[PDB]
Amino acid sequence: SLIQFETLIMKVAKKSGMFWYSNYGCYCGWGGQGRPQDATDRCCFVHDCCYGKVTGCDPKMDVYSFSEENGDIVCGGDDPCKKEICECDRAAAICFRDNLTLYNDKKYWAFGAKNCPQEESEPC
């Protein structure tokens, strides 16, 4: 569920998702339109696309299971649809971590919709 995604961003990237990734660029936040603006924004675009392709369960409310071992987040449980939500969230938390070199809140926080024209919307 979304609370577990916040948790994975805190564990993996050592940052709050609600503080640093809830209104950044065109896609980090609910929905999105336009071009991914930089690497962190493309991590958000891929996470949107990933949630968009989960069929069988609900990425917002279902609770998934995971363990930490061999130095990684390991998605588990007996339900394959809930394991795919977990995989979407794990991938995005790692992408954020790996792209901290480029993160630029000064330029991309609250970017604004004319900068994200609906005619430049990249398809998943």
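Numbers follow the displayed sequence, beginning with 1.
**Student:** On mean C-alpha B-factor from the PDB entry, just flag whether 48-56 or 78-86 is the higher one.
**Tutor:** Higher of the two, by average CA B-factor, is 48-56.
**Student:** Mean Cα B factor from the PDB record: higher for 57-65, or higher for 36-44?
**Tutor:** If you average the C-alpha B-factors of 57-65 and of 36-44, the larger mean comes out for 57-65.
**Student:** Lowest, middle or highest third: where is residue 23 by Cα B-factor in its chain?
**Tutor:** Its C-alpha B-factor belongs to the middle third of this chain's values.
**Student:** Using the B-factor values recorded in the entry, state whether the Cα atom of residue 7 falls in the lowest, middle or highest third among the modelled residues of its chain.
**Tutor:** For residue 7, whose C-alpha B-factor we compare with every modelled residue in the chain, the answer is the middle third.
**Student:** According to the PDB entry, is the CA B factor of residue 92 in the bottom, middle or top third of its chain, that is, lowest, middle or highest?
**Tutor:** For residue 92, the deposited C-alpha B-factor lands in the lowest third.
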